[PDB]
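# Coordinate analysis (summary)
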Amino acid sequence: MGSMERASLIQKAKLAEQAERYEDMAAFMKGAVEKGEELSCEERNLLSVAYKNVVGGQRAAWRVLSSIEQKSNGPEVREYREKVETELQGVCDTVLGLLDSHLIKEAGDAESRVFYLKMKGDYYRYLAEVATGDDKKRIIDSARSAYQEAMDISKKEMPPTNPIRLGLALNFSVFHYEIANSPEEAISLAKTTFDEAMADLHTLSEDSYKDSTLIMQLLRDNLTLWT
Amino acid sequence: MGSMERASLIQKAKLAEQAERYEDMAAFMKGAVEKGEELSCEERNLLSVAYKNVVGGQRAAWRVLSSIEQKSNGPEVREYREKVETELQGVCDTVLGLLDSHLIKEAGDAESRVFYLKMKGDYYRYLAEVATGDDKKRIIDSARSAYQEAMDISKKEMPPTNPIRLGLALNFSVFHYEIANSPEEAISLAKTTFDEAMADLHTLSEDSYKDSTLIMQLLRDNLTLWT
Amino acid sequence: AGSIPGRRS
Amino acid sequence: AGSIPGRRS
Ligand SMILES: *Cc1ccc(C(=O)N2CC(OC)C2)cc1
Ligand SMILES: *Cc1ccc(C(=O)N2CC(OC)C2)cc1
Ligand SMILES: [Cl-]
Ligand SMILES: [Cl-]
């Protein structure tokens, strides 16, 4: 996207979102990142929404095919699951490459740095979901380390009701439960996160209250499923 | 897909459908067609489902962007609508190329020949939806001619309740209403189609009755909208 | 105005 | 177990 203006890439990412063209949206936001400038709050959200949708479709397809493949145990189902898996890994690697070159190193504010590090944990978590071989353990540790660094910053620099802090804790708790085989850590994190946010709600405006309680309900839904 | 077995392409098209990976499904079925053998009833359906889903997403995106573009009347919205439009036209041209090389000429049975000709009318209709310039009239006539040839065969060779005959009449009526600016022809065709099918229902098994009445309801829904 | 939903088979 | 649905913004 080197010949298109940064502002035009951003404009077209917003159009692609409205058109539910998430692959285009991701390519436009990839082009915007590669312009080399830091991203605003809104632009970070566009980048995140685009790739979450793209990899979300790939994960859903991979799960369908992995399920069929396990019920079967010709080479077609395995071959096609492998194809989808490779395409998913390529998208995760692309996002991780954007964070590494050079979004994270240039992110100094807590809101941007926690946002990108949560992203890094998420896309390593997606890699871990399909990993088996010699690097599954290393991929899991890469996810844990990104989430942990993001947690440490958010606890120091953000209020307990901050939606990024809450969504980070939500996804790290899912990491603990689904990836790290640590359901007690998952439940403890979600419950402490929920309780500390509840006690901070009195400080918020009506609109911030709606934003925070929405994500607290997601924590509560998980706790209900897990206990 | 030249190096993959025909049967493997068919198998993977079915897997892609289950995974809701319609672009893959279309590429697999394109590869199957290009093996040069005629397609079975089930294989024709796979080909049709794949491309209907792909172009269906493109049409939905084009309509979103065309609406935004009309509300605006920079170059971004037009440029992006053009990009989507070109990609849609490329998919329609690909399907039309498969029918022309060489599905239609090798289709001798009424069920296959009507099926492919209905397809041809549909993908010219999709081209007509976005056409403006010197060829909009010729594209519309190409759609009408394919539908008309299919109609003539289906009236001669199929019972009035045959689902392909009913779906052909449904889409030709939509062509009349939406493309050809002939709403009276659309209403007359849908009503005569519905009435002649109703009178033939007594000949059908329980399962054929369910298949036919399902499509008759689609005709009825349109008549309710149009009258 | 609905055409055939041939999206599933 | 639901992660953040960051599918719309
Ligand atoms: C042209 C056409 C396609 C499909 C049918 C049919 O029998 N349908 C629609 C749904 O499955 C695709 C039930 C009829 C005619
Ligand atoms: C990591 C993250 C993403 C998004 C939010 C948020 O405020 N959300 C989810 C939905 O929009 C994406 C409401 C919090 C944290
Ligand atoms: Cl494959
Ligand atoms: Cl564009």
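Residues numbered from 1 in each chain as written, not as in the entry; some residues may be left out. Chains lettered and ligands numbered in written order. Heavy atoms only, no water. Residues with missing side-chain atoms left out of burial classes, pairs and counts.

As deposited, the entry is annotated with X-ray crystallography as its determination method and 1.8000 Å as its resolution.

Neighbouring ligand 1 are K118, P163, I164, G167 and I215 of chain B together with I4, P5, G6 and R8 of chain C. Ligand 1 sits at the junction of chains B and C, each of which supplies nearby residues. Burial of ligand 1 by the surrounding chains reaches 73%, relative to a free accessible area of 380 Å². Counting residues per element, the shell around ligand 1 draws most heavily on helix α7 (residues 163-179) of chain B, which supplies 3 residues. Among the residues making up the shell around ligand 1, the classes are represented as 5 nonpolar, 2 polar and 2 charged. (Near = heavy atom within 4 Å. Areas by Shrake-Rupley, 256 points an atom, 1.4 Å probe, with all protein chains shown as cover. Helix = DSSP H or I, 4+ residues; strand = E, 2+ residues; numbered from the N terminus. Nonpolar A, V, L, I, M, F, W, Y, C, P; charged D, E, K, R; others polar.)

All right, on to the packing of aromatic side chains then. In total, this model carries 14 aromatic pairs over all chains according to the counting rule given. An angle of 85° between the planes, with centres 5.2 Å apart, marks the rings of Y123 of chain B and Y126 of chain B as edge-to-face. In this pair, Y123 of chain B and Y126 of chain B are both assigned in helix α5 (residues 110-130), 3 residues apart and thus about one turn of the helix distant. With respect to burial, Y123 of chain B and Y126 of chain B carry one shared label: buried. Pairwise contacts between aromatic rings join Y147, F172 and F175 of chain A into one cluster. The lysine or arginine in question, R44 of chain A, covers the ring of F115 of chain A, its NZ or CZ lying 6.0 Å from the ring centre. (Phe/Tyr/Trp six-rings, centres within 6.5 Å; stacked < 30°, edge-to-face > 60°. Buried < 20%, exposed > 50% of the residue type's maximum accessible area, 1.4 Å probe, protein only. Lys NZ or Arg CZ within 6 Å of the ring centre and 35° of its normal.)

What follows covers the relation of the copies chain A and chain B. For the pair chain A and chain B, the relating rotation is 180°, the translation along its axis is 0.0 Å, and the fit reaches an RMSD of 0.0 Å. Here the transformation between the copies is reduced to the relation of a two-fold axis. Closest approach to the rotation axis among the C-alpha atoms of chain A is made by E23 of chain A, whose C-alpha sits 6.2 Å away. Counting the interface residues of chain A, we find that 100% of their copies in chain B are interface residues as well, pointing to one common contact surface. (Least-squares fit on C-alpha atoms. Contact = heavy atoms within 4.5 Å.)

Residues spaced three or four apart along an α-helix face the same direction, because each turn holds 3.6 residues. When the terminal C-alpha atoms of helix α2 (residues 22-33) of chain B are compared, their 16 Å separation across 12 residues agrees well with the 16 Å that a helix rising 1.5 Å per residue should span. By the burial criterion, the buried members of α2 of chain B are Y22, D24, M25, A26, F28, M29, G31, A32 and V33 of chain B. Buried residues along α2 of chain B sit in contact with α4 (76-103) of chain A together with α1 (6-18), α3 (41-72) and α4 (76-103) of chain B. (Expected span 1.5 Å × (residues − 1).)

Every residue near ligand 2 is listed here: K118, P163, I164, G167 and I215 of chain A together with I4, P5, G6 and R8 of chain D. Looking at what sits near ligand 2, you find residues from chains A and D. Against a free-state accessible area of 380 Å², the protein chains account for coverage of 73% of ligand 2. Here the element with the most residues in the shell around ligand 2 is helix α7 (residues 163-179) of chain A; it accounts for 3 residues. Of the residues that constitute the shell around ligand 2, the class distribution is 5 nonpolar, 2 polar and 2 charged.

Moving on, we get to the interface of chain A and chain B. How big an interface is tends to be stated in terms of the accessible area lost upon association of its parts. The interface is formed by 22 residues belonging to chain A together with 22 residues belonging to chain B. Between chain A and chain B lies a buried interface of about 2000 Å² when both sides are counted; carbon and sulfur atoms form 59% of it. On the chain A side of the contact with chain B, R21, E76 and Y80 of chain A bury the most area, a combined 31% of that side's loss. The interface formed by chain A and chain B includes 6 salt bridges. In this structure, the salt-bridge partner of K83 of chain B is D24 of chain A, at a minimum N-O distance of 3.5 Å. Taken together, chain A and chain B are joined by 10 residue pairs in polar contact. Looking at the side of chain A that touches chain B element by element, the count peaks at 7 residues for α4 of chain A. A class-by-class count of the residues in the side of chain A that touches chain B yields 11 nonpolar, 4 polar and 7 charged. (Buried area = accessible area lost by both parts, 1.4 Å probe. Salt bridge = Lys/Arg side-chain N within 4 Å of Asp/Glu carboxyl O. Polar contact = N/O pair within 3.5 Å; in protein donor to acceptor, adjacent residues only side chain to side chain.)

To continue, consider the arrangement of the chains. Looking at the 3 pairs of chains with contacts, the pair that accumulates the most is chains A and B. Between chain C and chain D there is no contact, and the shortest C-alpha to C-alpha separation is 24 Å.

This part takes up the interface of chain A and chain D. Counting residues at the interface gives 20 residues for chain A, matched by 9 residues for chain D. Of all the secondary-structure elements, those providing two or more residues to the side of chain A that touches chain D are α3 (41-72), α5 (110-130), α7 and α9 (206-226) of chain A. Top element by residues in the side of chain A that touches chain D is α3 of chain A. It accounts for 6 residues. Residues that form the side of chain A that touches chain D fall into these classes: 9 nonpolar, 6 polar and 5 charged.

Okay, the packing of helix α1 (residues 6-18) of chain A against α3 of chain A next. Residues and elements named next belong to chain A. Look at α1 against α3: their axes get within 11 Å of each other, and the N-to-C directions meet at 50°. Here α1 lies oblique to α3, going by the angle between them. Helix-helix and strand crossings are classified by hand; for α1 and α3 the assignment is left-handed. In this structure, α1 uses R6, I10, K14 and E17 to contact α3, whose residues at the interface are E42, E43, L46 and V49. (Axes fitted to C-alpha atoms, helices over the stretch in contact; angles between N-to-C directions. Parallel < 35°, antiparallel > 145°, perpendicular 65-115°, else oblique. Left-handed = near helix turned anticlockwise from the far one by under 90°.)

Once that is clear, we can look at a negative patch on the surface. All names here are of chain A. Among the surface-exposed residues, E37, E38, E106 and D109 lie close enough to one another that they form a single negatively charged patch. Following the sequence through the fold, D109 ends up in the loop between α4 and α5. With a relative accessible area of 51%, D109 lands in the exposed category. (Patch = residues over 30% accessible without salt bridge, like charges linked within 9 Å, V, L, I, M, F, W, Y side chains within 5 Å. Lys, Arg positive; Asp, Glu negative; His and termini not counted. Charge placed at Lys NZ, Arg CZ, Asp CG, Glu CD.)

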